[PDB]
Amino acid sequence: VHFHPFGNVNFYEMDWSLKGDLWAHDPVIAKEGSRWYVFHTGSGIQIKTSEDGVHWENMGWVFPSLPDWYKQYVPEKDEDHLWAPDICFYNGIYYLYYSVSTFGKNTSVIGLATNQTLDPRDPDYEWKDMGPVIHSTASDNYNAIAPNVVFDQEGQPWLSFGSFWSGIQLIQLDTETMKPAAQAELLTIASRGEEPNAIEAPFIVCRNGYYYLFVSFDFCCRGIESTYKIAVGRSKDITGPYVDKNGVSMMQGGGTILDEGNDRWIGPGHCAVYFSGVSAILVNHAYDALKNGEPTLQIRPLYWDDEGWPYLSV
């Protein structure tokens, strides 16, 4: 994956017994040179760095002070937590999308910050506020949060996002601006078909002629009472229809459950998937039942069966 570079590493041979500062929620990962980076939800977007991808250390944040334009979209927001960042590398630039919102409401806006490098030691290191990408108002039937960028086989960048309301949305981005055209069509590609519609945090990857849509089912943010689950569906066309193993459309609650946790790791969710050579990893957070349900970073090797469906090992 050119936009999610990891080259020169086999995730399947590594020991993923994470150590260090592992508190995280809605994480994504990027690697530049010998340095690994984690971006996740928190004040001004929290960052963690690692030498091997296993031992993590907190490394500050993206926005020391929130851009004033946030108020034009979410005037009621009072605190400085920015949610569910997404990172990708294109044309020598790092594109970091994130969410500005308030819990339980859809008055939200997805923003974009860019940097020439992820290394704070480099003279070119500077997170630039490149403004809003797409937003939702109370009158909209969707929620503009939890972005994920994917470049299809033809090199066309697409932005997927969404949480509750109508569900998962999809829209084309322009390669130059990396923002959707003013007249771009917004497409709904997945929904539980229930009320409330508990589906969010989309992440799309392409593997062997298929596009896989990973999403999170049910409830996050409730500590050991979270009911988060990771589900997946696929399609030959990035615009859908995404269908699960049983042939059920993801627009009708379809989705094959990849992980629903256990009595030790509660509600795993808001995932990300990365590849390297022939290996792949599943990234997400889960609530620690042994530690007051604190959200913890999880990285595990992700395999793919003969049918091409992903699965976690035992």
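One-based numbering along the sequence shown.
Output the stretch having the higher mean C-alpha B factor in the entry; the candidates are 50-58 and 246-254. The stretch with the larger mean CA B-factor is 50-58.
Can you tell me whether 78-86 has a higher mean C-alpha B factor than 105-113 in this record, or the other way round? The entry gives the higher C-alpha B-factor average to 78-86.
Highest CA temperature factor in the entry: which of 195, 129, 126, 200? By C-alpha B-factor in the record, 195 ranks first.
Name the one of 234, 207, 135, 229 with the greatest CA B-factor according to the PDB entry. Checking the PDB record, the top C-alpha B-factor among 234, 207, 135, 229 is at 207.
Place residue 300 in the lowest, middle or highest third of its chain's C-alpha B-factors, as listed in the PDB entry. Within its chain, residue 300 is a middle-third residue by C-alpha B-factor, going by the deposited values.
Using only modelled residues of the chain, where does the Cα B factor of residue 37 rank: lowest third, middle third or highest third? Its C-alpha B-factor belongs to the middle third of this chain's values.
Record-listed C-alpha B factor of residue 239: chain third: It falls in the top third of the chain.
Third of the chain's Cα B-factor distribution that residue 155 belongs to, per the entry: For residue 155, whose C-alpha B-factor we compare with every modelled residue in the chain, the answer is the highest third.
In terms of the chain's CA B-factor thirds, is residue 182 lowest, middle or highest? Residue 182: CA B-factor falls in the highest third of its chain.
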